[PDB]
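Chains as they are written, first to last, in the deposited numbering: chain 3G, 1 to 231; chain 3L, 1 to 231; chain 3H, 1 to 231; chain 3I, 1 to 231; chain 1w, 155 to 231.
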Amino acid sequence: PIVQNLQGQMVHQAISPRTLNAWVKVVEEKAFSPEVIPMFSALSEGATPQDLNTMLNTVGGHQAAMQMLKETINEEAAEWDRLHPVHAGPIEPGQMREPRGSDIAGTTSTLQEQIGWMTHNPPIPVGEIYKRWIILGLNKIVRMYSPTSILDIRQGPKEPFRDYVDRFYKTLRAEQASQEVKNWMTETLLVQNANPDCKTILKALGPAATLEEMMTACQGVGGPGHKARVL
Amino acid sequence: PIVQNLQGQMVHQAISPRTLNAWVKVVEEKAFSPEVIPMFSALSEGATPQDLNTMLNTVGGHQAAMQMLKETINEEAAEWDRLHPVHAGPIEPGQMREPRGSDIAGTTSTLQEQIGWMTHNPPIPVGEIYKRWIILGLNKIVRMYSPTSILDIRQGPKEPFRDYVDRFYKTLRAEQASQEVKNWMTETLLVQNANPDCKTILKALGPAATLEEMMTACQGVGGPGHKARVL
Amino acid sequence: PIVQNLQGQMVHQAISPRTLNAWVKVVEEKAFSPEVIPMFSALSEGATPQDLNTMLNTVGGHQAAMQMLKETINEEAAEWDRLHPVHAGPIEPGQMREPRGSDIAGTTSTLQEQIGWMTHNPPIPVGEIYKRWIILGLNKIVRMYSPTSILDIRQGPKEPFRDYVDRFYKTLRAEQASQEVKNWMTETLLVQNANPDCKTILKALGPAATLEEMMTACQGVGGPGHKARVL
Amino acid sequence: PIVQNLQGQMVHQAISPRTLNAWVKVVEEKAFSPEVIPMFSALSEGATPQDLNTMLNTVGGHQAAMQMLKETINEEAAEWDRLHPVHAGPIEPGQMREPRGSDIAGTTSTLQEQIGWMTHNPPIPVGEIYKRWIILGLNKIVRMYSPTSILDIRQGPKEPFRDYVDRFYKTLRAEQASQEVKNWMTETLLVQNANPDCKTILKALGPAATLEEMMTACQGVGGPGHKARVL
Amino acid sequence: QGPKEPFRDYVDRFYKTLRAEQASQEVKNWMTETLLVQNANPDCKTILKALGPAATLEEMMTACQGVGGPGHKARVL
Numbered sequence: 001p002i003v004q005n006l007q008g009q010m011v012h013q014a015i016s017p018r019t020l021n022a023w024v025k026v027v028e029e030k031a032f033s034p035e036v037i038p039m040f041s042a043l044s045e046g047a048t049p050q051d052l053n054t055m056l057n058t059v060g061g062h063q064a065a066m067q068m069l070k071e072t073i074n075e076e077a078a079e080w081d082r083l084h085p086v087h088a089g090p091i092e093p094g095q096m097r098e099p100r101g102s103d104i105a106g107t108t109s110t111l112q113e114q115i116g117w118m119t120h121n122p123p124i125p126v127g128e129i130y131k132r133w134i135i136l137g138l139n140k141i142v143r144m145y146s147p148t149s150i151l152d153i154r155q156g157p158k159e160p161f162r163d164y165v166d167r168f169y170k171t172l173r174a175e176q177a178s179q180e181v182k183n184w185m186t187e188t189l190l191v192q193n194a195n196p197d198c199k200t201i202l203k204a205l206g207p208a209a210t211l212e213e214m215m216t217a218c219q220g221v222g223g224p225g226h227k228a229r230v231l
Numbered sequence: 001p002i003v004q005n006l007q008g009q010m011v012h013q014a015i016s017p018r019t020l021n022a023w024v025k026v027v028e029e030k031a032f033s034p035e036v037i038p039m040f041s042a043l044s045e046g047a048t049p050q051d052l053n054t055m056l057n058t059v060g061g062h063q064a065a066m067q068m069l070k071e072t073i074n075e076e077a078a079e080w081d082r083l084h085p086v087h088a089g090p091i092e093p094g095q096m097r098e099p100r101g102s103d104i105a106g107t108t109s110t111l112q113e114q115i116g117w118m119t120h121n122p123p124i125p126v127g128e129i130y131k132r133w134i135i136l137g138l139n140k141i142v143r144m145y146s147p148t149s150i151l152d153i154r155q156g157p158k159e160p161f162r163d164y165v166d167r168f169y170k171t172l173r174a175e176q177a178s179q180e181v182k183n184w185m186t187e188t189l190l191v192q193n194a195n196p197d198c199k200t201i202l203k204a205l206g207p208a209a210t211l212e213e214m215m216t217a218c219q220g221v222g223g224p225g226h227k228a229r230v231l
Numbered sequence: 001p002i003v004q005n006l007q008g009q010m011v012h013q014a015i016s017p018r019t020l021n022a023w024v025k026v027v028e029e030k031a032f033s034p035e036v037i038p039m040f041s042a043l044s045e046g047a048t049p050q051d052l053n054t055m056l057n058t059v060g061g062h063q064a065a066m067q068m069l070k071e072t073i074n075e076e077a078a079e080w081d082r083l084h085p086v087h088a089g090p091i092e093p094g095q096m097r098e099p100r101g102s103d104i105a106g107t108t109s110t111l112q113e114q115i116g117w118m119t120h121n122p123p124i125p126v127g128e129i130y131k132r133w134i135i136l137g138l139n140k141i142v143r144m145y146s147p148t149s150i151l152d153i154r155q156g157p158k159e160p161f162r163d164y165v166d167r168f169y170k171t172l173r174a175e176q177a178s179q180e181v182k183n184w185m186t187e188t189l190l191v192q193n194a195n196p197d198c199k200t201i202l203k204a205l206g207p208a209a210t211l212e213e214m215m216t217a218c219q220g221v222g223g224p225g226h227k228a229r230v231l
Numbered sequence: 001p002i003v004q005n006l007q008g009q010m011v012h013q014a015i016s017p018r019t020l021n022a023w024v025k026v027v028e029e030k031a032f033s034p035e036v037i038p039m040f041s042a043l044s045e046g047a048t049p050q051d052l053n054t055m056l057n058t059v060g061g062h063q064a065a066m067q068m069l070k071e072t073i074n075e076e077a078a079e080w081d082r083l084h085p086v087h088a089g090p091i092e093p094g095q096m097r098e099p100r101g102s103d104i105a106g107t108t109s110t111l112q113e114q115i116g117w118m119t120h121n122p123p124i125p126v127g128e129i130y131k132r133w134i135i136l137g138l139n140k141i142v143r144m145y146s147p148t149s150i151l152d153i154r155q156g157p158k159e160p161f162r163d164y165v166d167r168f169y170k171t172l173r174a175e176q177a178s179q180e181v182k183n184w185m186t187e188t189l190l191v192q193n194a195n196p197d198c199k200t201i202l203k204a205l206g207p208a209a210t211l212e213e214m215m216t217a218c219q220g221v222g223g224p225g226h227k228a229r230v231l
Numbered sequence: 155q156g157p158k159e160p161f162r163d164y165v166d167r168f169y170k171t172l173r174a175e176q177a178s179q180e181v182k183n184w185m186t187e188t189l190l191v192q193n194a195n196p197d198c199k200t201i202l203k204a205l206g207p208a209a210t211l212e213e214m215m216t217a218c219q220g221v222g223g224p225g226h227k228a229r230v231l
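Next comes the structure, spelled out in structure tokens:
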């Protein structure tokens, strides 16, 4: 990995054992689940295509999701080279070459190039590109391997609105659509699947109460009622 | 996180995986109890808005406190822009831009900018403002889940007053009541509620009563804690 | 191992129990399975021959596979000294210490002479070179595997289709047959992990179909779960 | 231990009490075994005779065998003195005194001499020389349970032979045996212990047996008609 | 191979089936050294595993003649 680009003065660091231990043991205990993705970005800080390939290729299992992941990075790679026209005549010898789709993927490109790119003035975002591409991969996985659809998450007859709300946001993390969609669901879908004892009172709150109004609601019906949360 | 340098101004380096694990350790062990803030703070020491963001995105449980905390930091950002004028007029050639409320959260600002504020003399305190905003969220969420009011907080009839301070202190520390309301509860409601043997000594020594003398008292009223505490 | 591997101003650090405890947890969990080679290359980053031998002496199981590892190291050393021949009597410009195979293996070399190669300009990177022989040996362990069929494919009401494809991928990434065969097996048997109706649907998508298209598909006629109401 | 100085000849760093404890926890709390040896080698990076001694004397477990190693290092010292006759009284002006066996063991030598000879040119590596004696002594402690040879290795009647091979090459690694005895063993004693229908492959392999040939041997060797060459 | 069918009749069909597949030579070679003798009659596994099932095509059709039917029928192409 290479860090210190912001204000210049970058340092190359070798691949760390303890990053590939952290990476393996999270994905093993939790699976490719929504809580991997900012952890994967954090572990991937300043990583080369080769630093990225080392991590990716030490995953072990889950070869359905990895092979789905691999296919997706290959689409983006094949996309890339056809949205970048090939250079007109000779490329000057002092000029640094452009990265291709297979170089971003680390398939045709060696570590010595990658460092040169990342220590160039200003730096080539080759790694940012491989990580967004991996992240489309991870994102697609979490769609395919869904725990349950957000659409059909409903409160029970005698399940409480706070217990429901824990499930609601837990599952809403699992859903992969855009933020207008997920602002919708808190606005709308939260109420329409809520249980009938609670739902009369949620249309008294209407579709732009404060989160504290939603939190204060619904202790007089559902679960062990008013005492449950204060005793 | 930004770290101390001898060769110039402080240099930015990546998050440790041991720090992200220590974070998830402390959240697991303490459950957003108000002892979190010392450990939030100590992990938050050199921390960028990108680091603080990362702390906020790696929390997997705690759905409601997490949403409520998000509502608080976004509200501080929107107050901050109303609070500070935009200034429409030109800035000197190569001058660093003024930090907006969104810039403090790192939604309009990138880590190259963030280190650039950081490495002025004295710093513009962009993550120290952000971290204070978060700290108010944690405290409101402590108070949010407090089980009975300070002005409602009582000892059982079969209690030797021994442990009435545990309950009394942590629901006063949530509420943040006045020393004068505390004196009024202590002269009125406290004496009225307090165990017989303790209540003689609390009337005798007024509302500023010696804490130890109650605690020494109450050896023969029976039940849970009447035998002495030991180290 | 050494700080700033082939980069100047180079500083030896001792072999850490963190790096050997991770080398232990890998062999215990998953032995010599192919996905350790990136972990093993990260472990071997900056490593001297002496560090590599300490890594090998730690393995106390699998001795027959380890003697083969060892034999293969002895064969590779022997090739290195037949491709680069060993000298008889004093060296003509005087002894500069050119790494022979036995020196590569840490047998007839000092730690100064190993480092010396890393601090010489152009360098001779002996560790990368010894590492390649060890990776040849660990790949050759996987070819001593107990018989596992790549034509015997399964697909019945026991695992999901994803999970059959996950089996199939493990089988191919453990199988060290030809890359043209391994693609061939993949084009021939990808669909053959589903039930008869799922296969009819799978083939109806076409010969450009990918695993994300297949794993949304089989609408109502698929494997265990993931097909909604059944027809 | 002794480490690189940046402005002159090596300097001493102070021995790790944290790893010195995790050392002793694998001497005292379990039975001797081959992975004890590299855990001592890893500890011993740059270790002086005085540090080697500490590694012995903070050990309190297994005093018989510790003593047997102590006694070995005495033999090695009295041996070193019969191979390297150092004269009586004071060394010459202008050159470094030569170490005796007592100077290797730290009995007669001081820290300054110990970091002296190690940094000298020609170097006497006193601390590497002393460690190798201890590596032999430990290697005897693991063979002091059981001097197991090829007569004690047995292939149970229904045993798939695989374990026999593993223990056979463990046996030859652990204490080096003669080439002639091994040609006798791969041509007679192994064939006699092998399963009846497997005896033709292993008898054909005979006194020329090779690890790759042995590691794949015995796959589908039963059934109608004889087989005799390993595929 | 048919249960009383000749080993050369099977192998004539097999190389016929290899001819018509558009596959690589390496693919054909994995089938020749991992499929060919495996899909044969067991009485032919007796002597053509004993050669080793990945050995030359000459000694394949030299061996194994007493297994099955009489063999030698000219093809009508």
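Virtual Cβ for every residue (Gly too), placed ideally from N, Cα, C.
Look at residue i and residue j and say whether their C-beta atoms are less than 8 angstroms apart.
i: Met144 (chain 3H); j: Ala65 (chain 3H); result: yes
i: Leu211 (chain 3G); j: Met39 (chain 3L); result: no
i: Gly106 (chain 3H); j: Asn57 (chain 3H); result: no
i: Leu202 (chain 3L); j: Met214 (chain 3L); result: yes
i: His12 (chain 3L); j: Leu6 (chain 3G); result: yes
i: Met118 (chain 3H); j: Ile15 (chain 3H); result: no
i: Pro147 (chain 3H); j: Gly223 (chain 3H); result: no
i: residue 260 (chain 1w); j: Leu231 (chain 3I); result: Only positions 155 to 231 of chain 1w appear in this structure, which leaves residue 260 (chain 1w) out of reach.
i: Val24 (chain 3G); j: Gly60 (chain 3G); result: yes
So which residues on chain 3I does residue i lean against when the C-beta distance must stay under 9 angstroms?
i: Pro17 (chain 3H); result: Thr19, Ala22, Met39, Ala42 and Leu43
i: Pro160 (chain 1w); result: Residues of chain 3I passing the Cβ test: none, with the nearest at roughly 19 angstroms.
How is the alpha helix (DSSP H) around residue i delimited, first residue to last?
i: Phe40 (chain 3L); result: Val36 to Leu43
i: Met55 (chain 3G); result: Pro49 to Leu56
i: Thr72 (chain 3L); result: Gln63 to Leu83
i: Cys198 (chain 3L); result: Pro196 to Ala204
i: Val26 (chain 3G); result: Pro17 to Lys30
i: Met144 (chain 3L); result: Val126 to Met144
i: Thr216 (chain 3G); result: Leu211 to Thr216
Below 7 angstroms on C-beta distance, what does residue i contact in chain 3L?
i: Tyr169 (chain 3G); result: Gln63 and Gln67
Please compile the residues from chain 3I whose C-beta is within a distance smaller than 7 angstroms of the C-beta of residue i.
i: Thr200 (chain 1w); result: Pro224 and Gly225
i: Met144 (chain 3H); result: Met215 and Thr216
i: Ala204 (chain 1w); result: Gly225, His226 and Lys227
i: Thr58 (chain 3H); result: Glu35 and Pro38
Cβ closer than 9 angstroms: which chain 3G residues qualify as neighbours of residue i?
i: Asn183 (chain 3L); result: None at all; the shortest Cβ gap to chain 3G is about 26 angstroms.
i: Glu71 (chain 3L); result: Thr210, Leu211 and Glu212
i: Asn195 (chain 3H); result: Result: empty, since nearest Cβ-Cβ is about 17 angstroms, beyond 9 angstroms.
Cβ closer than 7 angstroms: which chain 3H residues qualify as neighbours of residue i?
i: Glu180 (chain 1w); result: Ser178, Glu180 and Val181
Closer than 9 angstroms by beta-carbon distance: list the chain A residues that pair up with residue i, in chain order.
i: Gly137 (chain 3H); result: No chain A is present in this structure, whose protein chains are 3G, 3L, 3H, 3I and 1w.
List, in order along the chain, the chain 3H residues whose C-beta lies closer than 9 angstroms to that of residue i?
i: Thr54 (chain 3G); result: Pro38, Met39, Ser41 and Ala42
Could you tell me which chain 3I residues have their CB closer than 8 angstroms to the CB of residue i, listed as they occur along the chain?
i: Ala208 (chain 1w); result: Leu231
Query raised in the report: Fully enclosed by the stretch 155–191 of chain 3G, which beta strand (DSSP E) runs are 3 residues long or longer?
Result: none
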